[PDB]
2 protein chains.
Amino acid sequence: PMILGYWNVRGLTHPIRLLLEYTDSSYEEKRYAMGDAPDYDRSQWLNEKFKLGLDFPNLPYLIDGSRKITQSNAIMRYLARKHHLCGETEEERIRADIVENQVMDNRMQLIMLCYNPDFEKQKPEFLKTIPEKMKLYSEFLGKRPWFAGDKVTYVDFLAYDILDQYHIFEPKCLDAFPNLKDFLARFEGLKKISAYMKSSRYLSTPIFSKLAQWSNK
Amino acid sequence: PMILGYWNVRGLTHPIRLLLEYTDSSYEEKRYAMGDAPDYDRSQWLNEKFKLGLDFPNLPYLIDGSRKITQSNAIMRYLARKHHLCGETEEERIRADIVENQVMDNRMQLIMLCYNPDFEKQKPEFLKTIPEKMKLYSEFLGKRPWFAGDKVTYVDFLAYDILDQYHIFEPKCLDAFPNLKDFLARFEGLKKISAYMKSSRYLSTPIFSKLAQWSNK
Ligand SMILES: N[C@@H](CCC(=O)N[C@@H](CS[C@@H]1c2ccccc2-c2ccccc2[C@H]1O)C(=O)NCC(=O)O)C(=O)O
Ligand SMILES: N[C@@H](CCC(=O)N[C@@H](CS[C@@H]1c2ccccc2-c2ccccc2[C@H]1O)C(=O)NCC(=O)O)C(=O)O
């Protein structure tokens with residue numbers, strides 16, 4: 001089977017595991033335990049970082065035989081092509097490309113913060129920006145069932161992850177956007193997702209580990 | 001024709017203009033002003049940011065008829081598909097997907113620094129990592145003429161921008177990687193490239209303007 005390499009948290013892998021499962025992909029996971037604090041030791045990673053034959057060594061990685069991939073987005077695209085979950089029209093391709101890029105921006109923004117020693121201080125002015133963040137996705141999706149269109153695609157995976165993460169962070173963040181809650185429910189409804197999601201293996205959380213300001217566990 | 005919206009800067013637009021030209025695109029520009037120190041005023045942008053009918057309001061943007069694309073990479077990709085500047089084989093795509101993601105990471109890395117209040121201190125430390133970064137590009141590239149393979153692709157535009165920029169920051173950063181040095185010369189060679197670059201409407205510098213801790217002009 002393929003090997004998926006990542007740290008011991010939800011993270012950037014949330015959408016990959018969700019993808020793999022959805023597609024019934026055959027895979028094994030390769031969990032990297034990060035040392036504790038202070039340390040936060042990454043030796044277990046660092047010790048093989050350059051020994052896996054990775055183009056630009058990183059976490060997460062997917063090894064599918066001779067095929068060695070880094071860059072979560074890359075990993076995603078790779079699995080999308082494999083299972084045909086890319087946009088089928090230019091329109092769709094564009095929507096997915098914007099979305100893919102957009103999720104990362106927002107993901108990064110949150111991440112940045114939860115790892116900001118000075119959290120508490122900014123943790124409020126930050127929450128000031130979420131409704132706009134959310135409204136963006138809201139207007140975009142509009143009435144479509146899926147982010148690219150009528151057909152589910154890989155970016156739904158990313159979209160799902162991101163929305164869930166904000167929600168989780170700011171529980172009300174979605175009350176104003178019913179379309180967005182419908183989506184969450186619709187993705188959660190995909191038959192292979194519900195089981196997986198109720199699985200012992202499955203760790204809804206936490207995108208973030210020990211190093212975290214909000215959720216250091 | 002097509003319209004391109006950006007900040008008086010080079011930044012994210014650099015790869016875009018380069019591709020726009022390469023492909024002989026016919027387009028107009030809508031340049032916006034970034035208020036100064038302090039201020040760093042973007043009224044205009046802000047006065048209209050919400051009036052363009054764009055999906056995720058942002059700079060830059062490219063309007064091509066019905067087509068309104070935000071996110072620089074999406075922009076890049078839309079132009080790539082249009083002129084067949086994408087990877088053609090599965091292998092070419094992976095390389096492309098990887099490099100693209102990799103370039104942005106690296107760009108952000110440098111931008112974050114340039115935008116850090118504690119830049120002077122951070123700098124030396126940041127310098128220390130260059131070789132490694134550079135190294136991965138060099139090896140990933142190996143002996144290929146282009147990042148994805150035998151033919152120029154959009155990622156070449158990404159890569160050149162970024163390599164050109166690290167090279168200005170750390171003029172020696174490349175001495176140990178001649179494939180890289182060739183790549184730069186070779187990229188600058190492309191007929192339509194030299195052509196545009198020689199032109200009077202070409203802006204190399206800088207990636208960052210005002211705010212910029214490094215390259216504030
Ligand atoms: N652009 C890349 C980013 C990859 C990334 O930065 N990887 C970090 C982990 S994600 C990173 C993180 C680190 C530790 C713990 C948690 C996280 C995490 C979780 C969720 C979201 C993002 C993060 C980042 O801090 C890493 O540890 N790489 C190993 C290395 O560089 O040698 C991608 O999308 O794959
Ligand atoms: N992920 C998006 C990034 C878009 C974005 O961050 N754009 C910023 C300007 S570029 C941005 C930047 C901002 C300030 C100063 C410098 C920079 C910069 C300079 C060079 C390269 C990249 C940047 C970005 O950090 C912006 O002003 N958007 C309009 C808005 O805010 O509504 C993309 O790739 O398109």
Side-chain angles (χ1 to χ4, degrees), chain A residues 5-16 32-34 40 42 45-46 48-50 54 56-62 69-76 97-98 100-112 114-115 132 136 158 161-162 165 205-212 215-216, chain B residues 5-16 32 34 40 42 45-46 48-50 54 56-62 69-76 97-98 100-112 114-115 132 158 161-162 165 206-213 215-216:
Chain A
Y6 201 34
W7 285 120
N8 54 108
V9 287
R10 114 189 241 227
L12 285 168
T13 263
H14 199 195
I16 303 180
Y32 301 80
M34 135 155 344
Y40 274 142
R42 349 230 298 206
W45 162 229
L46 281 210
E48 37 186 44
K49 173 186 194 190
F50 300 109
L54 292 182
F56 302 83
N58 225 329
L59 296 173
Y61 64 71
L62 183 78
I69 309 140
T70 41
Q71 299 281 357
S72 60
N73 284 326
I75 291 162
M76 291 285 289
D97 288 317
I98 286 179
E100 155 193 345
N101 295 269
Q102 196 62 30
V103 172
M104 181 64 70
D105 273 355
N106 298 141
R107 180 186 301 278
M108 275 7 169
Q109 295 158 333
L110 192 70
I111 284 6
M112 254 324 156
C114 306
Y115 281 63
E132 206 210 284
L136 299 182
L158 312 168
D161 178 32
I162 266 280
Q165 121 184 213
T205 238
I207 325 125
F208 8 70
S209 29
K210 354 218 189 216
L211 286 72
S215 214
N216 57 163
Chain B
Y6 200 24
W7 280 132
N8 359 88
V9 341
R10 128 192 233 216
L12 292 167
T13 226
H14 196 33
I16 300 186
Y32 302 82
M34 131 94 2
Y40 308 116
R42 11 214 234 187
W45 164 241
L46 339 152
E48 49 182 338
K49 143 151 169 209
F50 292 94
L54 310 163
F56 292 75
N58 231 331
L59 304 171
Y61 73 73
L62 174 85
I69 319 95
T70 39
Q71 295 289 345
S72 59
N73 296 313
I75 286 171
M76 288 291 285
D97 289 350
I98 302 191
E100 175 189 330
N101 287 284
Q102 189 51 36
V103 166
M104 183 59 115
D105 276 359
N106 303 138
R107 170 198 305 287
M108 281 329 93
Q109 275 151 23
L110 185 71
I111 280 326
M112 276 249 289
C114 283
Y115 287 82
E132 250 64 65
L158 296 173
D161 176 32
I162 256 306
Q165 48 163 294
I207 327 69
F208 16 83
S209 41
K210 22 230 107 200
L211 0 59
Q213 296 345 320
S215 193
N216 60 242

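Note that these values count all heavy atoms, side chains included, but never hydrogens, waters or copies made by symmetry. Below, chain A is the first sequence line, B the second, and so on; all start at residue 1. Just so you know, ligand 1 is whichever comes first in the structure, and atom 1 is the first atom listed for that ligand.
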From CA spacing to verdict: side chain to side chain donor-acceptor pair (under 3.5 Å), A:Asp105, A:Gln109: CA-CA 6 Å; A:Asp105 273 355; A:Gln109 295 158 333; over 6 Å; no
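For the pair A:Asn8 (side chain) and A:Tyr32 (backbone), a donor-acceptor distance under 3.5 Å is present.
The salt bridge (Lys or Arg N to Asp or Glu O under 4.0 Å) analysis of residues 5-15 of chain A, with sequence neighbours excluded, yields the pairs A:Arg10-A:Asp161, A:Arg10-A:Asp164.
Not a single salt bridge (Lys or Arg N to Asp or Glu O under 4.0 Å) links A:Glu48 to another residue, sequence neighbours left out. For B:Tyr6, there are no ring pair (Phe, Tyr, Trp, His ring centres under 6.0 Å) partners, not counting sequence neighbours.
For the atom pair B:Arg42 CZ and B:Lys49 NZ, the distance stands at 8.0 Å (nearest 0.5 Å).
Contact shell of ligand 1 (protein heavy atoms, cutoff 4.0 Å): A:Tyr6, A:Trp7, A:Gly11, A:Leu12, A:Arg42, A:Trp45, A:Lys49, A:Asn58, A:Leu59, A:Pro60, A:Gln71, A:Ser72, A:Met104, A:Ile111, A:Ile207, A:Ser209, B:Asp105.
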